[PDB]
């Protein structure tokens, strides 16, 4: 037997990971990213002038997961550690609300970002220490998939992202994925490349392709089962401060091209992050991507901002706005659901 190679996973585990992965990217359904940390969700509550308490965080998550009919548009919901073991006013666990709509629970398992020495504030992700232990209790609590967020920056003048930034991100992601799969957690690999800067969309495609090539290389070296994994990349777009105007057709073409060159068909699906895009533009861009014919993998979504921005504004931390907010949620849920079909229009 060829020894110098990553060993196989147990049959029972590999089959379960493959099944869950497919279910997470089933036709017309995406993932709800509601795993905002206590510090980030504070920012969202400040815009609506709401106190960041455990009472309101629970109430808001109850608003999202307690929405009937959401399961038709949402296959999975990513949770923060707090939410995973949290209950509403009625004492009903948030996970149970997801089970009622058959929405698969997911958990953010990384410990945030730290700067990489000998680099210009390029980030590294923490969370490897004791990850296996947390994966076991996360699985026991109901989670059937996990996420690990990494960040790269495009600064062509400073040569960003540098080789050190790329490989640290790549290897860190692969390490997290193999650990999750060992503990029966479907890993969502997120190599997010920020759109901050004046770089063109052509540059972003070059960077994204180079990064994704290094990521999947690290995955194969660590023995990550691609069949039981999902990719969470950024959409290939121009910079936020780029002068060259690019329509949704440019975004769709260069995103698909990048994905076809680096992502193996064994990967069941790819979930696009909304990033700093508006709710509408996130749906339009996603639609343009799937408008480009059928793909070997499922090109769906894992949105947070594009699914919660208008919901929060409708809610405003008021009980009498729950119904109006939950219907806005379903509207955005169905909107992005149609985008995966390549059949979403403005109005």
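Residue numbers count along the first chain shown, from 1.
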- Query: Hey, which bit's got the bigger mean C-alpha B factor in the entry, 314-322 or 24-32?
  - Reply: 314-322
- Query: According to the deposited model, is the average Cα temperature factor higher in 236-244 or in 216-224?
  - Reply: 236-244
- Item | Residue with highest C-alpha B-factor in the PDB entry, from 155, 120, 110, 192 | 155
- Message: Taking only the Cα B-factors deposited for this chain, tell me whether residue 163 sits in the lowest, middle or highest third.
- Response: lowest
- Query: Ranked by Cα temperature factor within the chain, is residue 144 in the lowest third, the middle third or the highest third?
  - Reply: lowest
- Item | Cα B factor band for residue 272 (lowest, middle or highest third within the chain) | middle
- Query: In terms of the CA temperature factor given in the entry, to which third of its chain does residue 176 belong: lowest, middle or highest?
  - Reply: lowest
- Message: Can you tell me whether residue 83 has a C-alpha B-factor in the lowest, middle or highest third compared with the other modelled residues of the same chain?
- Response: middle
